[PDB]
Amino acid sequence: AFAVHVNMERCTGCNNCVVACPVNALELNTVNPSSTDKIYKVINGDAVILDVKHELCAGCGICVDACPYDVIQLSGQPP
Amino acid sequence: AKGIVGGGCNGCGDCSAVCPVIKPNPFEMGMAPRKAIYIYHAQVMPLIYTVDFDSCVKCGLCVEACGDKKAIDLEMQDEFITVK
Amino acid sequence: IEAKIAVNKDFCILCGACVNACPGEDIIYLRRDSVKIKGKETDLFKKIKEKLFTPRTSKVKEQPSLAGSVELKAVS
Amino acid sequence: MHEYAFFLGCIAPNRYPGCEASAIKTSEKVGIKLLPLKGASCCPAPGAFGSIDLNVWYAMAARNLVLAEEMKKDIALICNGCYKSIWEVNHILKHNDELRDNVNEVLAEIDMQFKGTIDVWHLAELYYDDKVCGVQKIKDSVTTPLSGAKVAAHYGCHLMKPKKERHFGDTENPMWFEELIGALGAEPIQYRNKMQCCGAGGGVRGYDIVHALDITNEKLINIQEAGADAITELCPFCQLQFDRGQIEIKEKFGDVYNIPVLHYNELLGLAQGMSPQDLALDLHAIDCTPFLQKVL
Ligand code: SF4
Ligand code: SF4
Ligand code: SF4
Ligand code: SF4
Ligand code: SF4
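Protein chains in written order, with our numbering: chain A, 66 to 144; chain B, 67 to 150; chain C, 24 to 99; chain D, 3 to 298.
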């Protein structure tokens, strides 16, 4: 239930934070999908986090490790 | 009254000698440690050794230290009395 | 085709890091049955046994009021 | 992109133009748009002009306010003294009816009225606010780390004091400006009596230069003892004092510090990659070259 922050100023729209998030990958890549909500979607060229109320993230670091030009900061402390 | 003939609390101090929790003493404005089972100072009038239930971990060492006196009831609850 | 993940019960120590880390919904099911101790026992230790021995599994979309920490699913 | 009228008083445009240039560039890089103010003048400088006549102080500050009122925009500032004049006259004339009346019948001779419809902000206050660009956005915009530099902050007096008249919180040991310098990557250091006046306020800079320089020298001694490599500031008065006054201290006394004095907007430009030539660091009395060697 952590909080992710995306630096819009250096986001290129690469979409490798959307493809690599394992909560996004739940809908289409799971047998009998449990939850179909998504943290990121690239609207107007930058990654927007729809997870406003910080309910779905799991601090996995797959998205921080994925962005090619580090731009996603993961906060492990309560918002 | 509850039936323990041997008595209740005589203020020996074994309970606080064995309690492992350590918290600030409000009587000493926080400068000094006191266990979870405690008295403010040695000159308190009811020398009866309150248990601080917000900080007790129910380790049960205090009851073993108290022994046959059986003064410690870790499950006690807030009783209500009406007085005219 | 293939499996995507599996475990070796010979080496799993029933810690719980896997459950605490998985972002999935209920991929993992953890339940401990007996802790092995030396030293006799305590009422506190019986409470702690009861707390450690409740089955658990992952969860997506936990409550926001506790944002910044983890909450698992209580399995009946 | 939030839009503000950019007041731009006397010292930044006419002595330290790199300050205003970096202000516009860095504010645009973060989500802020700084629009020129059309025919603004000296905010009647609170010391040297308020000491003479409070009524003409009110009238000139109100004229500056009604320019941006006609523009229908919120003032943005980069000077603590200009903040005092503009913001405080705005606040006083938003609540005092007889003073509104007096200023309005003075301004009616130039076809111009004050109604009190806009708000006044300091640029560092905007950089700190979370609705507008926040500390995190500043960190995002920073592209050159400026690491390994000890930087001493001078808050000034007219931004934060008196706290019964402002809204910035504690005046005894604020840390907000230290967070903006920490965002840039430079480590802000703490020195003795960090909230002391620089000595240039109230017209003392002009009336008694030795007295003002002694007040400044107390600060410079504390800052050198701490070990600063530059002094950030949010006021062109204080920058002028700390910059010229180092030269006047070197000549009137025998004290040498050679500590560069930079506005926070100049440091923000350096962090965001602007060039020293584009910042006009050659227009300062005290050479910035050692600090540039350290942070570049
Ligand atoms: S930390 Fe994991 S679950 Fe959270 S947004 Fe990143 S990839 Fe998704
Ligand atoms: S991976 Fe990084 S650069 Fe790509 S969209 Fe996500 S945040 Fe932006
Ligand atoms: S509670 Fe028991 S052990 Fe503690 S002081 Fe009283 S009698 Fe002694
Ligand atoms: S039960 Fe409470 S008071 Fe008694 S020893 Fe344990 S922590 Fe101390
Ligand atoms: S994370 Fe813990 S419970 Fe899961 S397999 Fe490894 S040791 Fe076993």
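Heads up, the beta-carbon is just placed ideally off N, CA and C, and yes, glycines get one too.
Using a 10 Å radius around the Cβ and a threshold of 16 neighbouring Cβ atoms, would you call residue i buried or exposed?
i: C159 of chain D; result: buried
i: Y129 of chain D; result: buried
i: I88 of chain D; result: buried
i: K133 of chain D; result: exposed
i: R207 of chain D; result: buried
i: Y18 of chain D; result: buried
i: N31 of chain C; result: exposed
i: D33 of chain C; result: exposed
i: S24 of chain D; result: buried
i: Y52 of chain C; result: exposed
i: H286 of chain D; result: buried
i: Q295 of chain D; result: exposed
i: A66 of chain A; result: buried
i: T101 of chain A; result: exposed
i: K166 of chain D; result: exposed
i: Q243 of chain D; result: buried
i: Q279 of chain D; result: exposed
i: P46 of chain C; result: buried
i: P143 of chain A; result: exposed
i: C35 of chain C; result: exposed
So the candidates are the options; which of them puts its Cα closest to the Cα of residue i?
i: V98 of chain C; options: C:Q86, C:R79 and C:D49; result: C:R79
i: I211 of chain D; options: D:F255, D:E174 and D:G187; result: D:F255
i: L39 of chain D; options: D:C45, D:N16, D:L10 and D:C81; result: D:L10
i: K152 of chain D; options: D:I261, D:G208, D:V206 and D:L283; result: D:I261
i: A26 of chain C; options: A:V96, A:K106 and A:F67; result: A:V96
i: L298 of chain D; options: D:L281, D:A282, D:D289 and D:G275; result: D:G275
i: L186 of chain D; options: D:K221, D:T146, D:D257 and D:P176; result: D:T146
i: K82 of chain C; options: C:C38, C:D33, C:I50 and C:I28; result: C:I50
i: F76 of chain C; options: C:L37, C:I24 and C:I28; result: C:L37
i: residue 2 of chain D; options: D:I251, D:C240, D:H265 and D:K196; result: There is simply no residue 2 of chain D to check, as chain D begins at 3 and stops at 298 in what is shown.
i: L281 of chain D; options: D:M3, D:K86 and D:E22; result: D:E22
i: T65 of chain C; options: B:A98, B:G126 and B:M111; result: B:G126
i: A228 of chain D; options: D:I191, D:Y209 and D:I251; result: D:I191
i: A110 of chain D; options: D:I225, D:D99, D:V68 and D:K139; result: D:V68
i: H70 of chain A; options: A:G126, A:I127 and A:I114; result: A:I114
i: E174 of chain D; options: D:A155, D:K196 and D:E189; result: D:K196
i: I108 of chain A; options: A:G78, A:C86 and A:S140; result: A:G78
i: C75 of chain B; options: B:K150, B:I138, B:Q143 and B:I147; result: B:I138
i: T119 of chain D; options: D:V144, D:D76 and D:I94; result: D:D76
i: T218 of chain D; options: D:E235, D:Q198, D:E72 and D:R194; result: D:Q198
i: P87 of chain A; options: A:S140, A:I104 and A:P143; result: A:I104
i: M3 of chain D; options: D:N16, D:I13 and D:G33; result: D:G33
i: residue 1 of chain D; options: D:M73, D:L270, D:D289 and D:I94; result: In this structure chain D extends from 3 to 298, so residue 1 of chain D is not present and cannot be described.
i: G69 of chain B; options: B:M142, B:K135 and B:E141; result: B:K135
Please find out if some non-hydrogen atom of ligand 7 comes closer than 7 Å to the beta-carbon of residue i.
i: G39 of chain C; result: By its list of ligands, the structure shown excludes ligand 7, since it contains just ligand 1, ligand 2, ligand 3, ligand 4 and ligand 5.
Which residues in chain G have a C-beta closer than 8 Å to the C-beta of residue i? List them in chain order.
i: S143 of chain D; result: Within the model displayed, chain G is absent; protein chains A, B, C and D are what it includes.
The stretch 27 to 37 of chain D touching the stretch 81 to 92 of chain C, judged by at least three CB pairs closer than 8 Å: With the cut-off at 8 Å, the stretch 27 to 37 of chain D and the stretch 81 to 92 of chain C do not touch.
Selection of the stretch 54 to 65 of chain C by Cβ proximity to chain B, strictly under 8 Å: Residues of the stretch 54 to 65 of chain C with a C-beta less than 8 Å from any C-beta of chain B: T65, listed in chain order.
Chain-ordered residues, beta carbon under 7 Å from a heavy atom of ligand 4: Residues with a Cβ closer than 7 Å to any heavy atom of ligand 4, in chain order: B:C81, B:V84, B:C85, B:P86, B:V87, B:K101, B:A102, B:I103, B:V117, B:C122, B:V123, B:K124, B:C125, B:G126, B:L127, B:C128, B:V129, B:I138 and B:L140.
Inter-stretch contact (C-beta, 8 Å, three-pair minimum) for the stretch 116 to 130 of chain B and the stretch 83 to 93 of chain B: Judged by Cβ distances under 8 Å, the stretch 116 to 130 of chain B makes contact with the stretch 83 to 93 of chain B, as three or more pairs qualify.
Three CB pairs or more closer than 8 Å across the stretch 230 to 247 of chain D and the stretch 196 to 203 of chain D: Contact between the stretch 230 to 247 of chain D and the stretch 196 to 203 of chain D is present, because at least three Cβ pairs lie under 8 Å.
Against chain B: residues of the stretch 66 to 86 of chain C by CB proximity under 8 Å: Across the stretch 66 to 86 of chain C, CB contacts with chain B closer than 8 Å involve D66, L67 and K70, in sequence order along the chain.
Contact set between the stretch 113 to 144 of chain A and chain C, restricted to residues whose Cβ is under 7 Å from the partner: Against chain C - using a Cβ distance shorter than 7 Å - the residues of the stretch 113 to 144 of chain A are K118, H119, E120, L121, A123, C125, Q142, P143 and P144.
Residues within the stretch 220 to 232 of chain D neighbouring chain A, beta-carbon criterion of under 9 Å: Of all residues in the stretch 220 to 232 of chain D, none has a Cβ within less than 9 Å of some Cβ in chain A.
Inter-stretch contact (C-beta, 8 Å, three-pair minimum) for the stretch 79 to 97 of chain A and the stretch 130 to 144 of chain A: The stretch 79 to 97 of chain A vs the stretch 130 to 144 of chain A: in contact.
Near-chain D residues of the stretch 74 to 93 of chain A (beta-carbon distance less than 9 Å), N- to C-terminal order: Those would be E74 and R75, in chain order.
Three-pair Cβ contact test at 8 Å for the stretch 5 to 21 of chain D versus the stretch 34 to 50 of chain D: Because the criterion of three Cβ pairs below 8 Å is met, the stretch 5 to 21 of chain D and the stretch 34 to 50 of chain D touch.
Residues passing the C-beta test against ligand 1 heavy atoms, cut-off 6 Å: Those residues, listed in chain order, are A:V69, A:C86, A:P87, A:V88, A:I104, A:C122, A:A123, A:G124, A:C125, A:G126, A:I127, A:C128, A:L139 and C:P46.
Inter-stretch contact (C-beta, 8 Å, three-pair minimum) for the stretch 108 to 122 of chain A and the stretch 94 to 104 of chain B: Look at the beta carbons and you see the stretch 108 to 122 of chain A not touching the stretch 94 to 104 of chain B: under three pairs across the two are nearer than 8 Å.
Residues, ordered as in the chain, of the stretch 115 to 133 of chain B that lie near chain C by beta-carbon distance below 8 Å: Listed by position along the chain: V123, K124, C125 and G126.
Residues from the stretch 39 to 50 of chain C in contact with chain A, defined by Cβ distance under 8 Å: The stretch 39 to 50 of chain C vs chain A, Cβ under 8 Å: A44, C45, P46, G47, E48 and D49.
Stretch-stretch touch, CB-based, cutoff 8 Å, three pairs: the stretch 91 to 111 of chain D with the stretch 58 to 69 of chain D: Yes, the stretch 91 to 111 of chain D touches the stretch 58 to 69 of chain D.
Stretch pair the stretch 82 to 97 of chain D + the stretch 107 to 126 of chain D: three plus CB contacts closer than 8 Å: Flag = yes, the stretch 82 to 97 of chain D and the stretch 107 to 126 of chain D touch.
Stretch-stretch touch, CB-based, cutoff 8 Å, three pairs: the stretch 42 to 54 of chain D with the stretch 66 to 73 of chain C: With a cut-off of 8 Å on Cβ pairs, the stretch 42 to 54 of chain D is not in contact with the stretch 66 to 73 of chain C, counting fewer than three such pairs.
Stretch pair the stretch 127 to 139 of chain B + the stretch 75 to 82 of chain B: three plus CB contacts closer than 8 Å: Verdict: yes, contact present.
Against chain A: residues of the stretch 114 to 144 of chain D by CB proximity under 9 Å: If the cut-off is 9 Å between Cβ atoms, the stretch 114 to 144 of chain D has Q138, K139, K141, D142 and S143 near chain A.
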